[PDB]
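Step one of this worksheet: look at the structure below.
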Amino acid sequence: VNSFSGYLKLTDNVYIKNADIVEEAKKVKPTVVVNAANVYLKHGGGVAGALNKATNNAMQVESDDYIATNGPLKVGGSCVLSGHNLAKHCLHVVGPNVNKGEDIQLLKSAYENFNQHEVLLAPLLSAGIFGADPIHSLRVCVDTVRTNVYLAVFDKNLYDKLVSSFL
Ligand SMILES: c1nc(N2CCCCCOCC2)c2cc[nH]c2n1
């Protein structure tokens with residue numbers, strides 16, 4: 003039993019809910035919240051800027067120190083950093099930004115990072131500014147992640163479309 007409430011069960015391991023991932027993290031304080039990161043961990047907008055804003059910029063301060071030591075992530079890669087006031091840990095995962103020419107095949111590699119964590123609260127990857135179509139992202143998620151993932155999807159029109167179109 004875990005603390006996640008109001009989710010629709012899609013599969014044995016994948017759950018979905020119309021809720022801001024920021025709002026949800028504050029309420030649940032999960033072990034792991036996933037950030038929709040870029041390779042520079044520059045949290046300017048969307049999931050990352052909203053998560054970072056909710057940490058009063060402490061996520062960005064920690065992230066800048068990480069990059070100064072380690073250099074950029076890979077597209078499809080991840081790192082584990084603090085969850086600050088939102089979660090124990092934040093798994094920063096870089097999905098394929100299609101508007102920068104980043105191979106559509108890399109979304110599966112991105113979701114494979116989730117398998118290193120038994121339970122996660124997560125954004126659909128490569129939605130919004132990444133230039134990808136969310137129905138595809140949910141399919142790859144379901145076909146790739148084997149651990150227990152709670153997808154906070156903050157677009158009802160999109161939530162309802164994802165549910166209604168789910169095979
Ligand atoms: C969950 N998913 C989020 N997505 C879903 C909406 C599609 C993306 C639009 O760019 C944010 C993307 C957000 C954003 C702020 N909070 C969130 N929580």
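Just so we're aligned: 106 in the entry's author numbering is position 104 of the sequence shown, and the numbers increase by one with no gaps anywhere. C-beta atoms are modelled at their ideal positions from N, C-alpha and C, and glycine is treated no differently.
task = Indicate whether the contact test is met: 3 or more Cβ pairs, each with one atom in the region 125-145 and one in the region 86-99, closer than 8 Å.
result = yes
ask   = What are the boundary residues of the beta strand (DSSP E) that includes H94?
value = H91 to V95
request  = Identify the continuous alpha helix (DSSP H) that holds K163 and give its terminal residues.
outcome  = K158 to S166
request  = Please state if the CB of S80 and the CB of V95 are separated by a distance shorter than 8 Å.
outcome  = yes
message = Please report the straight-line C-alpha distance between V155 and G73, rounded to a whole angstrom.
response = Our two residues, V155 and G73, have alpha carbons roughly 30 Å apart in a direct line.
Touching by the beta-carbon criterion (3+ pairs, under 8 Å), the region 53-62 and the region 102-119 = no
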